[PDB]
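For reference, the structure is listed below as structure tokens.
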Amino acid sequence: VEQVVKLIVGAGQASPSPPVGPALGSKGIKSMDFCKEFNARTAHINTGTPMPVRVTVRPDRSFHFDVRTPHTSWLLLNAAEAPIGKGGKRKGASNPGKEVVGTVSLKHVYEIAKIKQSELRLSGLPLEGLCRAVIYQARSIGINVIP
Amino acid sequence: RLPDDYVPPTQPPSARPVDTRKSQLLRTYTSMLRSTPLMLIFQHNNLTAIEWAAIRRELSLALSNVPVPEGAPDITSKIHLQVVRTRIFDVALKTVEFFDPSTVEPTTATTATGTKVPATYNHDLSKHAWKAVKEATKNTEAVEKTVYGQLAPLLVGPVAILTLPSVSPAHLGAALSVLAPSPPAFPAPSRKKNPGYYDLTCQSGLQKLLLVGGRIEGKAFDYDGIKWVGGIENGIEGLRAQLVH
Amino acid sequence: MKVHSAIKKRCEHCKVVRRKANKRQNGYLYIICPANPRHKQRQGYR
Amino acid sequence: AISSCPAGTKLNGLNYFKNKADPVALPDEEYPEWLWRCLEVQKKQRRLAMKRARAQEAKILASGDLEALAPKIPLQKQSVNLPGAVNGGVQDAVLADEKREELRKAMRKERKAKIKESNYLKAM
Amino acid sequence: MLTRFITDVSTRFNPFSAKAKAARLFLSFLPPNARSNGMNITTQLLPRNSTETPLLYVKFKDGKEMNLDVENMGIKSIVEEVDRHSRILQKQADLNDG
Amino acid sequence: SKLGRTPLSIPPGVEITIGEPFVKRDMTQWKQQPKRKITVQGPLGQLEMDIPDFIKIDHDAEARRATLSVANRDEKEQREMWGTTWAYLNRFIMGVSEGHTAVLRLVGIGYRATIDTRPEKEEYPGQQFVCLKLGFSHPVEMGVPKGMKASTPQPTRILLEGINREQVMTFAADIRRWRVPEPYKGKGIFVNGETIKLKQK
RNA sequence: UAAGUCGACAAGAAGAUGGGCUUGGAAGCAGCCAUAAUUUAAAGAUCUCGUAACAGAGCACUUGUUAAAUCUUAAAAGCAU
Ligand SMILES: [Mg+2]
Ligand SMILES: [Mg+2]
Ligand SMILES: [Mg+2]
Ligand SMILES: [Zn+2]
């Protein structure tokens with residue numbers, strides 16, 4: 001069976017490390033080869049940007065990975081101008097019900113959806129129904145939605 | 001207070017339970033067989049979720065490249081590839097064909113006040129419809145002559161149905177080449193322009209879909225016949241050619 | 001095996017059967033479970 | 001003038017590419033219309049209501065008829081035929097194909113409560 | 001039904017024919033990954049006007065080639081014959097492996 | 001029973017012979033219930049059973065089929081034997097034509113098996129004796145019942161063959177009774193794909 | 001309940017998304033807060049396993065096949081174990 005792995009890595013930071021090393025180094029595939037192959041995929045994004053990846057490890061240890069857009073939560077907080085907390089990354093509300101971190105307007109939601117429609121696997125979903133999927137997640141991270 | 005004999009106005013006596021999804025889904029197809037002039041019947045073979053999404057991603061893309069600058073209604077999103085219940089969908093044809101709603105006698109109905117008001121039960125889920133379809137189906141040979149008989153063998157196993165709100169041959173070429181390509185009549189999209197079509201997920205899903213048959217204006221049609229309809233550039237243009245003669 | 005006076009199913013695979021019933025004795029009610037052998041129970045005393 | 005963000009507003013942190021500038025808000029009119037309507041889903045003291053709220057509703061309600069007080073059956077339990085007619089037209093067709101989608105949500109919402117409750121009854 | 005031991009299947013039938021019903025059901029029983037595993041499948045749809053007798057072709061991974069008429073036998077009956085031959089291979093595989 | 005209604009397809013070569021209601025006098029019983037001797041002969045052999053009289057067989061020689069039916073569905077005794085009589089005929093028809101087989105797998109270091117003849121303890125001339133090494137001090141030798149053909153393609157694999165399923169599976173359980181599969185190492189005798197869940201350690 | 005009840009079998013059981021917080025790690029499944037959406041034949045920000053954490057196997061749920069013409073499921077009551 002061709003197992004898959006989920007790993008969040010930096011934009012141009014591909015090397016043996018906690019996020020990259022143990023995730024795939026143990027299965028057998030050549031991590032170095034993948035590390036040097038990921039840089040070619042991400043050469044136009046700001047260094048350090050988080051980039052989800054779904055690396056499929058076929059039998060015989062022949063890997064093929066599809067780079068994905070940044071997490072919606074990371075974009076909502078990045079666009080919500082939230083105060084940086086532990087770890088140096090913008091943290092979300094500990095209690096989304098009461099606490100409120102940012103006030104993201106709908107015009108920001110219309111863009112966060114356009115950047116997420118670039119994916120072919122998500123290019124078919126209508127944009128009218130896609131902007132409400134992220135608005136449904138702003139209620140879970142403590143961000144208010146402003147008309 | 002509400003009396004015992006009173007029944008809600010939007011819930012007349014049904015032949016079988018209405019809360020269940022078996023009957024609630026029957027009310028859908030019956031209205032879909034009336035509002036959809038053009039309908040294509042496919043056969044799906046254990047298509048996965050990702051495959052389904054990919055298949056429906058090409059239709060939207062292929063259907064979005066149809067020129068409609070005549071200020072006509074935006075018929076580009078009501079076209080859906082919907083998986084249906086073949087068993088309950090086979091009954092829909094019966095109720096839509098072997099049932100005359102004009103053969104019901106109105107009867108008094110009691111409201112919350114208890115006043116008797118004449119009412120007629122013509123809903124598809126009525127006991128009268130159930131009785132008609134059953135008795136009508138008793139004659140085996142006479143049914144084969146009907147449109148239902150020409151489409152009963154097609155409603156076997158799993159079937160996915162494509163619904164088009166109108167008979168637009170242009171929309172057919174956009175949807176008939178993405179599901180059942182047959183060049184040079186309906187050639188598949190090019191790779192240098194539609195790379196998503198020739199994807200691992202999409203390509204592996206289109207191999208499990210087979211266009212079994214089609215239904216147009218309540219008329220059974222064979223796969224070869226669908227090409228003729230799709231071959232026509234437009235209906236209004238076809239009529240003009242006859243006038244020139 | 002646990003000999004109780006109130007035998008109950010402890011999972012979906014537990015079955016209630018009356019075994020050891022023959023011409024000489026009435027038998028007992030058992031809770032047999034192929035998934036977990038700890039669900040084995042009997043009702044009655046020899 | 002209906003949106004808080006005026007034209008020319010700098011949308012902070014919406015560009016992760018190197019050779020490009022962060023998006024700049026465009027005029028309000030240029031944006032689609034559904035964006036001003038997609039936000040339609042966002043939803044002692046007891047004594048004060050008891051004095052006024054309890055009484056006012058009884059007066060406006062005009063409890064003299066049993067027509068506006070019926071159970072008001074939901075859409076997921078009725079048996080009336082859907083507004084579908086043969087050769088009614090594209091407008092009738094589309095208008096008929098729109099209620100089939102409004103009923104889809106009804107059955108969907110019912111599954112949520114039916115599944116959430118079935119899982120709640122197993123984790124007592 | 002066990003499809004692992006089936007190499008390729010070629011079915012030719014007419015849809016509008018009530019007899020072809022059993023043939024269509026057989027095609028659905030096949031799993032999704034049958035194409036990826038390497039099994040070849042060819043489906044031919046005959047015209048509605050004139051219908052030729054339906055043809056069903058089956059072949060296992062041991063060289064056996066099965067051919068069963070669709071009209072005489074139903075879908076349930078066809079599954080039995082293919083199961084017997086596919087079942088003995090499981091025992092033979094376990095018998096000669098290890 | 002939903003299984004007793006299903007017709008029994010008699011494949012070519014098999015022949016079903018239905019007897020007549022007879023009663024074997026028993027001095028210990030005041031009234032014996034009539035039975036019917038049903039013979040099922042074919043290529044591999046012949047099996048015979050006696051069914052109650054209330055079960056009626058509509059042997060259709062034209063279409064080569066035989067459907068069962070009872071005289072009263074309301075009686076618990078007739079409903080049970082209806083399905084049980086059908087399940088037996090099904091095995092008989094599919095046992096005399098194709099045959100029944102059972103596979104035993106011997107797991108464990110030092111477990112062997114051979115099919116030799118022990119003329120000392122032969123119950124019938126030419127009896128085959130399965131000899132099993134299962135870690136006991138003595139040798140375990142069992143004689144195959146008359147009507148079964150036992151062979152060992154490999155030392156750690158037994159193959160039983162016969163027309164009577166009840167006899168074949170019963171003889172495979174006697175061999176398995178010596179070493180029942182354990183859950184700590186999987187050692188034992190597994191019959192027809194039987195498996196045991198192992199422990200963590 | 002022939003609009004296929006009941007049971008079995010085949011497949012599916014998605015996507016935004018590793019929800020946010022917490023933590024060495026918390027990705028449906030230690031714990032805390034939220035749990036209006038969306039798209040679907042359907043799919044709980046998750047009911048029982050499983051992992052150090054992922055992965056993975058089932059469930060709710062969805063379609064199909066088989067198949068009942070007095071034959072589904074629950075409650076109460078009587079007499080028994
Ligand atoms: Mg016992
Ligand atoms: Mg969590
Ligand atoms: Mg955990
Ligand atoms: Zn149990």
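Within each chain, counting starts at residue 1; across the structure tokens, chains are named A, B, ... in the order shown, with ligands numbered 1 upward in that order.
Residues in contact with residue G:3 at up to 8 Å, not including ones fewer than 6 positions away on its chain and judged by only C-alpha atoms (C1' of nucleotides), are residues 22, 23, 87, 88 and 91 of chain B.
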What residues in chain B lie within 10 Å of chain G, counting only C-alpha atoms (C1' of nucleotides), written as a VMD selection string?
-> chain B and resid 15 to 16 22 to 23 26 45 to 53 82 to 92 125 130 156 to 160
Neighbouring residues of ligand 3 are defined here as those with any atom at most 12 Å from a ligand atom, counting only C-alpha atoms (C1' of nucleotides) and all ligand atoms; list them as a PDB file with C-alpha atoms (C1' of nucleotides), in the first residue's frame.
```pdb
ATOM      1  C1'   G G  25       3.756  15.422  20.777  1.00  0.00           C
ATOM      2  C1'   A G  26      -2.807  16.180  20.647  1.00  0.00           C
ATOM      3  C1'   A G  27      -3.618  15.364  13.183  1.00  0.00           C
ATOM      4  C1'   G G  28     -12.048  12.981  14.526  1.00  0.00           C
ATOM      5  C1'   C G  29     -10.669   9.916  18.951  1.00  0.00           C
ATOM      6  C1'   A G  30      -5.799  12.938  27.022  1.00  0.00           C
ATOM      7  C1'   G G  31      -8.088  17.487  28.329  1.00  0.00           C
ATOM      8  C1'   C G  49     -10.455   0.275  18.513  1.00  0.00           C
ATOM      9  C1'   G G  50      -5.564   1.618  17.083  1.00  0.00           C
ATOM     10  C1'   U G  51      -0.349   5.237  17.110  1.00  0.00           C
ATOM     11  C1'   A G  52       4.772   8.239  21.044  1.00  0.00           C
ATOM     12  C1'   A G  53       2.186  11.522  17.479  1.00  0.00           C
ATOM     13  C1'   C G  54       0.494  10.334  12.086  1.00  0.00           C
TER      14        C G  54
END
```
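Atom to atom, atom CA of residue F:128 and atom CA of residue F:171 stand 13.1 Å apart.
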Just need the residues of chain C within 12 Å of chain G, counting only C-alpha atoms (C1' of nucleotides), so spit them out as an mmCIF file with N, CA, C and O atoms, in the first residue's frame.
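As a result, iface_21.cif now contains:
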```cif
data_model
loop_
_atom_site.group_PDB
_atom_site.id
_atom_site.type_symbol
_atom_site.label_atom_id
_atom_site.label_comp_id
_atom_site.auth_asym_id
_atom_site.auth_seq_id
_atom_site.Cartn_x
_atom_site.Cartn_y
_atom_site.Cartn_z
ATOM 1 N N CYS C 11 -21.121 -6.495 24.462
ATOM 2 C CA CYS C 11 -20.679 -5.981 23.170
ATOM 3 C C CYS C 11 -21.652 -6.487 22.114
ATOM 4 O O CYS C 11 -22.577 -7.252 22.407
ATOM 5 N N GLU C 12 -21.437 -6.049 20.872
ATOM 6 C CA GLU C 12 -22.327 -6.433 19.784
ATOM 7 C C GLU C 12 -22.156 -7.891 19.381
ATOM 8 O O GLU C 12 -23.073 -8.467 18.787
ATOM 9 N N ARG C 18 -28.861 -21.159 25.036
ATOM 10 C CA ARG C 18 -29.139 -22.145 26.072
ATOM 11 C C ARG C 18 -28.468 -23.448 25.659
ATOM 12 O O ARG C 18 -28.868 -24.071 24.671
ATOM 13 N N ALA C 21 -28.674 -28.413 27.551
ATOM 14 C CA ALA C 21 -30.038 -28.869 27.767
ATOM 15 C C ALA C 21 -30.245 -30.182 27.023
ATOM 16 O O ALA C 21 -30.023 -30.256 25.810
ATOM 17 N N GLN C 25 -31.417 -32.866 31.912
ATOM 18 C CA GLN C 25 -31.314 -31.582 32.585
ATOM 19 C C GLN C 25 -31.876 -30.490 31.687
ATOM 20 O O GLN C 25 -31.995 -30.653 30.470
ATOM 21 N N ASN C 26 -32.223 -29.365 32.313
ATOM 22 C CA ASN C 26 -32.793 -28.237 31.586
ATOM 23 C C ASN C 26 -31.727 -27.396 30.902
ATOM 24 O O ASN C 26 -31.998 -26.790 29.861
ATOM 25 N N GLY C 27 -30.531 -27.336 31.467
ATOM 26 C CA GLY C 27 -29.449 -26.562 30.897
ATOM 27 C C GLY C 27 -29.291 -25.208 31.553
ATOM 28 O O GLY C 27 -29.924 -24.876 32.559
ATOM 29 N N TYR C 28 -28.414 -24.411 30.951
ATOM 30 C CA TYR C 28 -28.113 -23.073 31.430
ATOM 31 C C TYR C 28 -28.128 -22.098 30.263
ATOM 32 O O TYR C 28 -28.054 -22.489 29.097
ATOM 33 N N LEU C 29 -28.227 -20.816 30.596
ATOM 34 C CA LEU C 29 -28.110 -19.739 29.625
ATOM 35 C C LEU C 29 -26.682 -19.214 29.634
ATOM 36 O O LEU C 29 -26.134 -18.913 30.700
ATOM 37 N N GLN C 43 -25.647 -18.612 33.521
ATOM 38 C CA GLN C 43 -26.711 -18.433 34.499
ATOM 39 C C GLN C 43 -27.127 -19.804 35.002
ATOM 40 O O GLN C 43 -27.612 -20.632 34.225
ATOM 41 N N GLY C 44 -26.948 -20.036 36.294
ATOM 42 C CA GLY C 44 -27.371 -21.266 36.928
ATOM 43 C C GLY C 44 -26.214 -21.990 37.588
ATOM 44 O O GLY C 44 -25.042 -21.676 37.390
#
```
Considering only C-alpha atoms (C1' of nucleotides), return as a PyMOL selection string whatever protein or nucleic-acid residues lie within 8 Å of stretch 7-23 of chain E, sequence-local ones (same chain, fewer than 5 positions apart) excluded.
-> (chain B and resi 150-151+153-154+156+212-213) or (chain E and resi 38-48+51-61+70-71+74-75)
Go ahead and write the residues just picked, N, CA and C atoms, as a short mmCIF file (atom, residue, chain, number, x, y, z; two decimals), in the first residue's frame.
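Generated file (out_16.cif):
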```cif
data_model
loop_
_atom_site.label_atom_id
_atom_site.label_comp_id
_atom_site.auth_asym_id
_atom_site.auth_seq_id
_atom_site.Cartn_x
_atom_site.Cartn_y
_atom_site.Cartn_z
N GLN B 150 -39.65 0.85 -22.19
CA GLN B 150 -38.43 1.09 -22.94
C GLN B 150 -37.29 1.61 -22.07
N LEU B 151 -37.56 1.94 -20.81
CA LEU B 151 -36.53 2.41 -19.89
C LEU B 151 -36.43 1.59 -18.61
N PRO B 153 -35.49 -1.72 -18.31
CA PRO B 153 -34.23 -2.47 -18.29
C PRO B 153 -33.02 -1.60 -18.00
N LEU B 154 -33.10 -0.29 -18.26
CA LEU B 154 -31.97 0.60 -18.00
C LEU B 154 -31.81 0.92 -16.52
N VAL B 156 -31.35 -0.67 -13.81
CA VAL B 156 -30.85 -1.86 -13.14
C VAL B 156 -29.50 -1.53 -12.53
N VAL B 212 -25.44 4.71 -20.43
CA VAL B 212 -26.29 3.59 -20.82
C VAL B 212 -27.39 4.05 -21.77
N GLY B 213 -28.18 5.03 -21.34
CA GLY B 213 -29.27 5.52 -22.16
C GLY B 213 -29.67 6.93 -21.78
N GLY E 38 -4.33 -3.87 -12.85
CA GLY E 38 -3.92 -4.36 -14.15
C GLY E 38 -4.98 -5.13 -14.90
N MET E 39 -6.15 -5.36 -14.32
CA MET E 39 -7.20 -6.11 -15.00
C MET E 39 -7.71 -5.32 -16.20
N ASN E 40 -7.76 -5.98 -17.35
CA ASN E 40 -8.28 -5.38 -18.57
C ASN E 40 -9.77 -5.67 -18.69
N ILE E 41 -10.53 -4.66 -19.09
CA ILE E 41 -11.97 -4.78 -19.24
C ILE E 41 -12.40 -4.00 -20.47
N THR E 42 -13.17 -4.64 -21.34
CA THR E 42 -13.70 -4.02 -22.55
C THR E 42 -15.21 -4.19 -22.55
N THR E 43 -15.93 -3.07 -22.66
CA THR E 43 -17.39 -3.07 -22.65
C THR E 43 -17.90 -2.57 -24.00
N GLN E 44 -18.73 -3.38 -24.65
CA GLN E 44 -19.32 -3.04 -25.94
C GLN E 44 -20.82 -2.90 -25.78
N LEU E 45 -21.37 -1.80 -26.30
CA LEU E 45 -22.80 -1.52 -26.22
C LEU E 45 -23.41 -1.69 -27.61
N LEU E 46 -24.35 -2.62 -27.73
CA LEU E 46 -24.95 -2.91 -29.02
C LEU E 46 -26.09 -1.93 -29.31
N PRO E 47 -26.47 -1.78 -30.57
CA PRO E 47 -27.58 -0.88 -30.90
C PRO E 47 -28.89 -1.38 -30.34
N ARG E 48 -29.83 -0.45 -30.17
CA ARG E 48 -31.14 -0.80 -29.64
C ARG E 48 -32.02 -1.46 -30.69
N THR E 51 -30.61 -6.44 -31.55
CA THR E 51 -29.81 -6.86 -30.40
C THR E 51 -29.25 -8.25 -30.66
N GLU E 52 -27.93 -8.36 -30.62
CA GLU E 52 -27.29 -9.66 -30.70
C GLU E 52 -27.31 -10.33 -29.33
N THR E 53 -27.21 -11.66 -29.34
CA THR E 53 -27.22 -12.40 -28.08
C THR E 53 -26.11 -11.89 -27.17
N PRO E 54 -26.39 -11.69 -25.88
CA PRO E 54 -25.35 -11.18 -24.98
C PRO E 54 -24.23 -12.19 -24.79
N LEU E 55 -23.01 -11.67 -24.66
CA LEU E 55 -21.82 -12.49 -24.50
C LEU E 55 -21.08 -12.07 -23.25
N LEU E 56 -20.70 -13.05 -22.43
CA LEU E 56 -19.95 -12.82 -21.20
C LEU E 56 -18.66 -13.62 -21.26
N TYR E 57 -17.54 -12.94 -21.02
CA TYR E 57 -16.22 -13.56 -21.06
C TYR E 57 -15.51 -13.32 -19.73
N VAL E 58 -14.90 -14.37 -19.20
CA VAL E 58 -14.16 -14.29 -17.94
C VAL E 58 -12.89 -15.12 -18.09
N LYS E 59 -11.87 -14.73 -17.33
CA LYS E 59 -10.59 -15.43 -17.37
C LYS E 59 -9.88 -15.24 -16.04
N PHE E 60 -9.41 -16.34 -15.46
CA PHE E 60 -8.71 -16.30 -14.19
C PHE E 60 -7.20 -16.22 -14.42
N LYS E 61 -6.46 -16.06 -13.32
CA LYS E 61 -5.02 -15.88 -13.39
C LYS E 61 -4.26 -17.19 -13.57
N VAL E 70 -25.78 -15.10 -20.81
CA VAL E 70 -26.44 -14.19 -19.87
C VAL E 70 -27.94 -14.46 -19.80
N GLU E 71 -28.55 -14.93 -20.89
CA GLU E 71 -30.00 -15.07 -20.92
C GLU E 71 -30.46 -16.22 -20.03
N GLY E 74 -29.19 -16.27 -14.35
CA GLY E 74 -29.34 -14.98 -13.72
C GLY E 74 -28.05 -14.50 -13.07
N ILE E 75 -28.10 -13.28 -12.54
CA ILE E 75 -26.92 -12.70 -11.91
C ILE E 75 -26.48 -13.54 -10.73
#
```
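Proximity to chain F at a cut-off of 12 Å picks out residues 7, 66, 67, 68, 70 and 71 of chain G on chain G, counting only C-alpha atoms (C1' of nucleotides).
Atom CA of residue F:100 sits 27.1 Å away from atom CA of residue F:182.
Based on only C-alpha atoms (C1' of nucleotides) and all ligand atoms, the protein and nucleic acid residues found within 8 Å of ligand 1 are, by chain and then by number, residues 19, 20 and 30 of chain C.
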